[PDB]
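Asker:
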Amino acid sequence: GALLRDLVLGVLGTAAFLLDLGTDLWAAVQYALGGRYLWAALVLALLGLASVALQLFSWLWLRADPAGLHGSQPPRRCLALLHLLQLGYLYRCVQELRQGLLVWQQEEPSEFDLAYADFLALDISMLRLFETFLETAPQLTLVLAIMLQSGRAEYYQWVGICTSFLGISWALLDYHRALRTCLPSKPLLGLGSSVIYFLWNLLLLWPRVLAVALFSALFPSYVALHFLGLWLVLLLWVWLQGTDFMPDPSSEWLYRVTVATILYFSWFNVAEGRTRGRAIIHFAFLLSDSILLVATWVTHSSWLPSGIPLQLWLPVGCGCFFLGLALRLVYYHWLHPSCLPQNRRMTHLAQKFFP
Amino acid sequence: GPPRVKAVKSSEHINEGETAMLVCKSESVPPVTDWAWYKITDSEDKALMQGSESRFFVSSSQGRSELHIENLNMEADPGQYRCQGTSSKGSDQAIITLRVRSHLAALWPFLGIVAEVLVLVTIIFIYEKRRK
Amino acid sequence: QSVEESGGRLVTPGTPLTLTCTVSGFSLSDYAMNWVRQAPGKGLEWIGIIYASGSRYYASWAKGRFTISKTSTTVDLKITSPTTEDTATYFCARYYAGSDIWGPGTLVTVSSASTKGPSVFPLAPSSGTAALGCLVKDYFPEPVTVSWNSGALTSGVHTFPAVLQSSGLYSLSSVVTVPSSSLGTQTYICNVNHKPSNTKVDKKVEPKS
Amino acid sequence: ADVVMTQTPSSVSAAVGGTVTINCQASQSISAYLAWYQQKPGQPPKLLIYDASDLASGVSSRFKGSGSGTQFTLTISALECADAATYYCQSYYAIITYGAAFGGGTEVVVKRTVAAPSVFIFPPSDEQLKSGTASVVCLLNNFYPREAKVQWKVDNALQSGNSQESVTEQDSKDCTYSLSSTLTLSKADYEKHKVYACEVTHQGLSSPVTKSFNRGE
Ligand SMILES: CCCCC/C=C\C/C=C/CCCCCCCC(=O)OC[C@H](COP(=O)([O-])OCC[N+](C)(C)C)OC(=O)CCCCCCC/C=C/C/C=C/CCCCC
Numbered sequence: 007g008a009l010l011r012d013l014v015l016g017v018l019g020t021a022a023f024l025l026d027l028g029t030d031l032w033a034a035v036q037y038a039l040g041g042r043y044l045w046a047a048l049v050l051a052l053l054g055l056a057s058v059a060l061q062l063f064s065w066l067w068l069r070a071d072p073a074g075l076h077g078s079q080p081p082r083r084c085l086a087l088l089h090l091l092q093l094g095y096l097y098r099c100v101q102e103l104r105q106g107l108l109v110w111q112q113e114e115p116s117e118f119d120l121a122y123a124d125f126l127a128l129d130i131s132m133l134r135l136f137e138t139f140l141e142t143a144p145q146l147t148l149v150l151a152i153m154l155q156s157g158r159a160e161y162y163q164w165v166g167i168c169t170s171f172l173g174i175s176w177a178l179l180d181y182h183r184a185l186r187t188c189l190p191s192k193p194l195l196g197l198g199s200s201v202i203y204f205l206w207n208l209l210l211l212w213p214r215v216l217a218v219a220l221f222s223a224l225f226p227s228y229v230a231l232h233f234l235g236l237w238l239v240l241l242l243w244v245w246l247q248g249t250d251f252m253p254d255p256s257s258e259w260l261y262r263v264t265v266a267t268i269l270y271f272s273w274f275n276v277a278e279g280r281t282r283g284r285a286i287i288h289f290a291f292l293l294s295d296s297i298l299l300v301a302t303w304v305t306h307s308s309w310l311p312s313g314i315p316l317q318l319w320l321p322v323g324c325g326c327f328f329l330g331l332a333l334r335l336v337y338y339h340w341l342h343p344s345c368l369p370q371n372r373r374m375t376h377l378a379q380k381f382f383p
Numbered sequence: 103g104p105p106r107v108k109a110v111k112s113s114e115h116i117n118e119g120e121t122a123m124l125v126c127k128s129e130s131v132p133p134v135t136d137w138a139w140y141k142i143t144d145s146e147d148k149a150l151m152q153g154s155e156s157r158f159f160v161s162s163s164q165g166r167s168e169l170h171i172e173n174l175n176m177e178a179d180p181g182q183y184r185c186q187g188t189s190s191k192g193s194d195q196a197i198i199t200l201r202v203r204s205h206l207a208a209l210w211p212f213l214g215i216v217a218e219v220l221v222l223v224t225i226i227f228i229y230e231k232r233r234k
Numbered sequence: 001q002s003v004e005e006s007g008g009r010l011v012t013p014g015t016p017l018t019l020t021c022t023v024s025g026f027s028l029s030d031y032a033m034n035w036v037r038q039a040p041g042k043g044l045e046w047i048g049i050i051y052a053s054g055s056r057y058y059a060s061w062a063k064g065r066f067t068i069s070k071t072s073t074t075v076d077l078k079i080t081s082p083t084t085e086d087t088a089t090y091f092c093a094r095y096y097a098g099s100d101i102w103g104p105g106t107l108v109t110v111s112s113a114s115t116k117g118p119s120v121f122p123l124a125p126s127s133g134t135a136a137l138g139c140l141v142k143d144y145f146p147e148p149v150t151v152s153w154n155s156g157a158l159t160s161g162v163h164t165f166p167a168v169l170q171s172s173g174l175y176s177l178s179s180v181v182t183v184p185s186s187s188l189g190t191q192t193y194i195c196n197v198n199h200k201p202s203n204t205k206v207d208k209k210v211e212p213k214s
Numbered sequence: 001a002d003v004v005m006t007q008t009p010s011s012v013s014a015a016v017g018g019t020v021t022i023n024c025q026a027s028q029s030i031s032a033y034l035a036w037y038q039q040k041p042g043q044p045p046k047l048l049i050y051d052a053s054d055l056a057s058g059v060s061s062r063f064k065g066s067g068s069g070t071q072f073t074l075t076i077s078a079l080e081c082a083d084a085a086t087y088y089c090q091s092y093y094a095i096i097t098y099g100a101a102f103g104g105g106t107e108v109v110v111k112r113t114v115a116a117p118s119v120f121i122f123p124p125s126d127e128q129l130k131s132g133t134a135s136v137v138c139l140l141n142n143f144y145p146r147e148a149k150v151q152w153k154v155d156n157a158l159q160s161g162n163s164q165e166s167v168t169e170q171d172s173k174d175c176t177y178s179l180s181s182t183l184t185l186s187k188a189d190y191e192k193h194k195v196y197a198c199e200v201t202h203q204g205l206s207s208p209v210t211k212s213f214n215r216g217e
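Residue numbers (the entry's author numbering), protein chains in the order written: chain X, 7 to 345, 368 to 383; chain B, 103 to 234; chain H, 1 to 127, 133 to 214; chain L, 1 to 217.
#1: Distance cutoff 7 Å, beta carbons only. Does residue 113 of chain B sit that close to anything in chain H?
#2: Given 6 Å as the limit, tell me if residue 6 of chain X has its C-beta closer than that to any heavy atom belonging to ligand 1.
#3: Below 8 Å on the Cβ atoms is my contact criterion, and I expect residue 52 of chain H with residue 32 of chain H to pass it. Report the Cβ-Cβ distance as a whole number of Å.
#4: By alpha-carbon positions, which one of B/119, B/154, B/125, B/177 ends up nearest to residue 113 of chain B?
#5: Just checking: is the beta-carbon of residue 206 of chain B within a distance shorter than 7 Å of some beta-carbon in chain X?
#6: Provide the residue span of the beta strand (DSSP E) that contains residue 49 of chain L, from first to last.
#7: Hey, does residue 311 of chain X have any beta-carbon neighbour from chain L nearer than 7 Å?
#8: May I ask you to report which of helix, strand or coil DSSP gives residue 123 of chain H?
#9: Taking DSSP as the reference, what is the three-state secondary structure of residue 115 of chain B?
#10: Would you call the segment 319 to 339 of chain X and the segment 225 to 233 of chain X in contact, with 3 or more CB pairs under 8 Å?
#11: Can you tell me where the beta strand (DSSP E) with residue 141 of chain L in it begins and where it stops?
#12: Following a CB-centred definition, is residue 259 of chain X positioned closer than 6 Å to any heavy atom of ligand 1?
#13: Does chain L have any CB closer than 7 Å to the CB of residue 78 of chain X?
#14: At the level of alpha carbons, what is the spacing between residue 172 of chain L and residue 82 of chain H?
#15: If we require 4 or more residues per run, which alpha helix (DSSP H) segments fall completely within the segment 222 to 310 of chain X?
#16: Since residue 84 of chain H and residue 110 of chain H are thought to touch, with beta carbons under 8 Å apart, how far apart are those beta carbons, to the nearest angstrom?
#17: Kindly list, in the order they appear in chain B, the residues whose Cβ is closer than 7 Å to that of residue 243 of chain X.
#18: Nearest to residue 179 of chain H by CA position, among L/176, L/174, L/182, is which residue?
#19: Near residue 115 of chain H, what residues of its chain come up, given a Cβ to Cβ distance below 7 Å and the 5 sequence neighbours on each side ignored?
#20: Return the chain-ordered list of same chain residues with a C-beta closer than 6 Å to the C-beta of residue 49 of chain X, the five sequence neighbours on each side being excluded.
#21: Between the beta-carbon of residue 103 of chain L and the beta-carbon of residue 308 of chain X, is there less than 7 Å?
#22: Could you check whether the Cβ of residue 239 of chain X sits closer than 6 Å to any heavy atom belonging to ligand 1?
#23: In chain order, what residues of the same chain lie with their CB nearer than 7 Å to the CB of residue 62 of chain L, ignoring the 5 residues before and after it?
#24: Give a yes or no on whether 7 Å exceeds the smallest Cβ distance from residue 110 of chain B to chain L.
#25: Take residue 280 of chain X as the anchor and find which of X/189, X/381, X/106, X/37 has the nearest alpha-carbon.
#26: Kindly indicate if chain B contains any beta-carbon less than 7 Å away from that of residue 239 of chain X.
#27: Given that residue 176 of chain B touches chain L, what residues does it touch there, using C-beta distances under 9 Å?
#28: Quick one: what's residue 380 of chain X bridged to in DSSP?
#29: Beta carbon of residue 211 of chain B: closer than 6 Å to some heavy atom of ligand 1?
#30: Can you tell me whether residue 1 of chain L is buried or exposed, with buried defined as 16 or more other CB within 10 angstroms of its CB?
#31: Looking at residue 136 of chain X and ligand 1, is the gap between the Cβ and the nearest heavy atom below 6 Å?
#32: Check whether the Cβ atoms of residue 207 of chain H and residue 198 of chain H lie closer than 7 Å to each other.
#33: With a cut-off of 8 Å on the beta carbons, I'd call residue 217 of chain X and residue 128 of chain X a contact; round off their distance for me.
#34: Ignore the nearest five residues each way along the sequence and tell me which others in residue 135 of chain H's own chain have a CB closer than 7 Å to its CB.
#35: By the DSSP assignment, the beta strand (DSSP E) with residue 184 of chain H in it spans what residues?
#36: Listing by chain order, which chain B residues have their CB less than 7 Å from the CB of residue 93 of chain L?
Listed below in structure tokens is the structure:
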């Protein structure tokens, strides 16, 4: 069942990421040929910077990797023309697909090949997490901001937000799958831990996206300052923290960049295992900023066209917030545990996540 | 018969630096020929003459009068204004309240944000540098 | 309560021009007057306003390019330096609450070309309802009015909007549908009038054998 | 600084009896002094709503203005064919400082039932050839929808660049359109060829209709 589970889950992942890119692109095209181009330019640049940062992640990790990945037909040059062409994250996917398929089809290969496959699926999982909080999350905030600001919601945008949502759902499920599969799973329902992980994290993730959106639509000229400021502080926090996630020390610039940007939307432990203190500090940041933002909306109330019902979505915000908080408590209290190519990044992160 | 005048907006809230336009209207027959605006003060009501301080303007038509106040001041402009229309059969009055929002409340998400950033930096800088 | 503009015509760039709006049914001392312009096939541009007291306020983009004044019965709008980008229809409107009473509007064209009279050619009816019309071609500048049988034929009259040609002259057709039986026992004459060239032409459109 | 009005959408359609909405967004607080106007092609505009909610004199109740602050919205119901026109909003809040700029405009197109176009062609009259020019007119009458393609064929050759189209506004009685196509040619090129046709393609036509005539005959 392991082989089937792997291949089908990975198919799901690849398809999801595809669909999400497709919808985003379609939306952008619609914008440009539909009217104003500033929204097309913003989605293009957001896409670009995201893609480029995942591209430099994958290229860094490849450069570090010891003697392995021998089934790499392009000898150091095509890999680079590929990554340099902004088209990437696809080679890792196809590689996972082809490996898993070759294994499934083979009767019973060596315990080395299987480990290589597990490492491939762990890598892809990681890069999906990073893809989701670097690309789909901002893209979702942007789309919500345009819907609420212009006031005219169309089919493309509804589908882009059901896609974004599906991408965050897959992403966080795959990342809980990975985090638990890297260490001995003492409990018996790791799928139930994964599901309540998706529920908690997304339940509180959404209100922050709505908040940022609301802001972005009430003051589109202050988003740059706001995000740059908070990101400066988060970055600084990571710098004051420790970072030994990937071999290259000089290259930690990217890891701290991403950690900075992921904290802006959720809670991602950096490198220590001292809980119940940095959690409350986070939650007080995220909450205070979201409350301030909502407050800015309730101040500049009559400032947006009567489009999406705002006297129905906002209550759902506090409801999802409260619920998320509850299941987060339930996750830490109840499910949260106490304590051959091998991914040293995922061993790292797993041990630093389960102290 | 007697005229009946009413404000378009009984209460308004504009901000300093801009120009408020209060307007009264009436539909009685005969129409209101002359209109007069007064500002309410403690125990006395002062008439608003056109051209005062190069910032007041009155534009009157049959049964309708606009009061334009430029460069909304926080000290003398906010308050209650009374419009009085005098038709050949009598006169009537309406009351309009004007508030002036300042830049303190306008630049509320700027000070708020920079204060929150300052607080965050202090919290993290004491929680790690010396406490941790 | 009405107003009527006058002074629209063709002028060369740089030559000043004064438009006059004559009110009727109300005094200019008890109501304000707005001046609004509209380019061919575009939206309305607000130019300026003159209050009852006499104060004049102009739009930001129009500061200096225009001048508003008024007498006891008319409001005048002078253009000091018209440009090619100043060709538009100009309306005057009484300001009470927005602009309720509007004028018919006068057309001001600014170009280097000269006026040219219109040429009218009959569209003979084909051979249970026949169509026929008049082709108003190679005229300048706008506008031209077309009426059928001194204004007695209105049902079915379609006047197509003019279009600019390569030579720089406008052209349009005015067609009308009538019963085929009537072509033999009824005279159809189109009356084209082009005020800028003072050209009145009444052309009959007879059927072809 | 003059207040700028952002009128959206540019176009809006509905069937006879439906309901349309138009939104105007002001650059600054013009809380309740916004007027709505209906301008028909050729005729001058007519004031529809003042103070953003008060109906003008002699105006039907189908027009309803709502909104305040910086967002306003006009709504029409029971859309008759006489409603086909362009609508504009206009701010008049403290004109002496921000002006009275107008909106971009909103062409309201009524969506009636499909109507096939009656096609007639008119050769240039003998009097016009004296001047030295020939103009052929292809008339599409009382049709719907507005989208239609006119093609000029001279001696089976497809012409392009020597013709001009013109489309009228929606009729106030039956919501139909009219279109004229004026092929322009010199005397020489007109006498050179023999057969002239006007291939008209439209949704209301189940098959391409080709009206043609012969020179002289
Ligand atoms: C190398 C440096 C890297 C870090 C910095 C670079 C990238 C990230 C920064 C993003 C911020 C971009 C903000 C754009 C500002 C300019 C907007 C503009 O000029 O006009 C926007 C337009 C205005 O429209 P209007 O005039 O009708 O407004 C009328 C307004 N009133 C109603 C009041 C009259 O409205 C709109 O489009 C509103 C849409 C706004 C969408 C904002 C999305 C923000 C997302 C943030 C997440 C970022 C992730 C980056 C990845 C991290 C990598 C390290």
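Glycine included, every Cβ here is placed at the ideal spot set by N, Cα and C.
Answerer: Looking at the atomic coordinates:
#1: As a position in the second sequence, residue 113 of chain B is number 11, starting the count at 1. No, residue 113 of chain B lies away from the interface with chain H (no Cβ there is under 7 Å from its Cβ).
#2: In the structure as shown, chain X begins at 7 and stops at 383. Residue 6 of chain X is therefore absent and cannot be evaluated.
#3: Residue numbering aside, residue 52 of chain H sits at position 52 when the third sequence is read from its first letter. Residue numbering aside, residue 32 of chain H sits at position 32 when the third sequence is read from its first letter. Correct: roughly 6 Å between the Cβ atoms.
#4: Residue 113 of chain B sits at position 11 when you count from the first residue of the second sequence. For the residues B/119, B/154, B/125, B/177, the minimum Cα distance to residue 113 of chain B belongs to B/125.
#5: Numbered from its first residue, the second sequence carries residue 206 of chain B at position 104. Residue 206 of chain B does not count as touching chain X.
#6: Numbered from 1 along the fourth sequence, position 49 holds the residue referred to as residue 49 of chain L. Run containing residue 49 of chain L: 46 to 50, per the beta strand (DSSP E) assignment.
#7: As a first step, residue 311 of chain X is located in the first sequence; it is residue number 305 there, counting from the start. Taking Cβ atoms only, chain L reaches closer than 7 Å to residue 311 of chain X, which makes this a yes.
#8: As a working note, residue 123 of chain H is residue 123 in the third sequence. In this structure, residue 123 of chain H counts as strand in the three-state DSSP scheme.
#9: As a position in the second sequence, residue 115 of chain B is number 13, starting the count at 1. Reduced to three states, the DSSP call for residue 115 of chain B is strand.
#10: no
#11: Residue 141 of chain L sits at position 141 when you count from the first residue of the fourth sequence. Unbroken beta strand (DSSP E) run through residue 141 of chain L: 133 to 143.
#12: Locating residue 259 of chain X in the first sequence gives position 253, counting from the first residue. Not so, every heavy atom of ligand 1 lies at least 6 Å from the Cβ.
#13: Here residue 78 of chain X refers to the residue found at position 72 when the first sequence is read from its first residue. With 7 Å as the cut-off, residue 78 of chain X does not count as an interface residue toward chain L.
#14: Here residue 172 of chain L corresponds to residue number 172 of the fourth sequence, with the count starting at 1. Here residue 82 of chain H corresponds to residue number 82 of the third sequence, with the count starting at 1. Those two C-alpha atoms are separated by around 37 Å.
#15: 229 to 246, 258 to 269, 284 to 305
#16: For the purposes of this step, residue 84 of chain H is taken as residue 84 along the third sequence, with counting starting at 1. For the purposes of this step, residue 110 of chain H is taken as residue 110 along the third sequence, with counting starting at 1. With 8 Å as the limit, residue 84 of chain H and residue 110 of chain H qualify as a contact, their Cβ atoms being about 6 Å apart.
#17: Position 237 of the first sequence, counting from 1, holds the residue named residue 243 of chain X. Simply 226.
#18: Walking along the third sequence from the start, residue 179 of chain H turns up at place 174. With distances taken between Cα atoms, residue 179 of chain H lies closest to L/182.
#19: Here the question's residue 115 of chain H lines up with position 115 in the third sequence. Cβ within range, chain order: 10, 145, 146, 201, 202.
#20: As a first step, residue 49 of chain X is located in the first sequence; it is residue number 43 there, counting from the start. Around residue 49 of chain X: 34.
#21: Indexing the fourth sequence from 1 puts residue 103 of chain L at position 103. Indexing the first sequence from 1 puts residue 308 of chain X at position 302. Their beta carbons are not under 7 Å apart, which means residue 103 of chain L does not touch residue 308 of chain X by this criterion.
#22: For the purposes of this step, residue 239 of chain X is taken as residue 233 along the first sequence, with counting starting at 1. It does not: the Cβ of residue 239 of chain X is nowhere closer than 6 Å to a heavy atom of ligand 1.
#23: As a working note, residue 62 of chain L is residue 62 in the fourth sequence. Closer than 7 Å at Cβ, skipping near neighbours: 76, 77, 78.
#24: For this step, residue 110 of chain B is matched to residue 8 along the second sequence. Chain L contact via Cβ: present.
#25: By 1-based counting over the first sequence, the position of residue 280 of chain X is 274. Comparing Cα-Cα distances from residue 280 of chain X to each of X/189, X/381, X/106, X/37, the minimum goes to X/381.
#26: Taking the first sequence and counting its residues from 1, the one referred to as residue 239 of chain X is at position 233. It does; some Cβ of chain B falls within 7 Å.
#27: As a position in the second sequence, residue 176 of chain B is number 74, starting the count at 1. Going along chain L, no residue has its Cβ under 9 Å from residue 176 of chain B, so there is no contact; the nearest lies around 17 Å.
#28: Against the first sequence, residue 380 of chain X aligns to sequence position 352. Its beta-bridge partners do not exist; DSSP assigns none.
#29: For the purposes of this step, residue 211 of chain B is taken as the residue at position 109 of the second sequence. No, ligand 1 has no heavy atom inside 6 Å of this Cβ.
#30: For the purposes of this step, residue 1 of chain L is identified with residue 1 of the fourth sequence, where counting begins at 1. Burial call: exposed.
#31: Here residue 136 of chain X refers to the residue found at position 130 of the first sequence. It does not: the Cβ of residue 136 of chain X is nowhere closer than 6 Å to a heavy atom of ligand 1.
#32: Residue numbering aside, residue 207 of chain H sits at position 202 when the third sequence is read from its first letter. Residue numbering aside, residue 198 of chain H sits at position 193 when the third sequence is read from its first letter. No, the Cβ-Cβ distance between residue 207 of chain H and residue 198 of chain H is not below 7 Å.
#33: As a working mapping, residue 217 of chain X is identified with position 211 in the first sequence. As a working mapping, residue 128 of chain X is identified with position 122 in the first sequence. With a Cβ gap of about 33 Å, residue 217 of chain X and residue 128 of chain X do not count as contacting.
#34: Indexing the third sequence from 1 puts residue 135 of chain H at position 130. Taken in chain order, the residues that qualify are 183, 185, 188.
#35: As a first step, residue 184 of chain H is located in the third sequence; it is residue number 179 there, counting from the start. That run of the beta strand (DSSP E) goes 175 to 184.
#36: Your numbering for residue 93 of chain L matches position 93 in the fourth sequence. Neighbours of residue 93 of chain L on chain B, chain order: 123.
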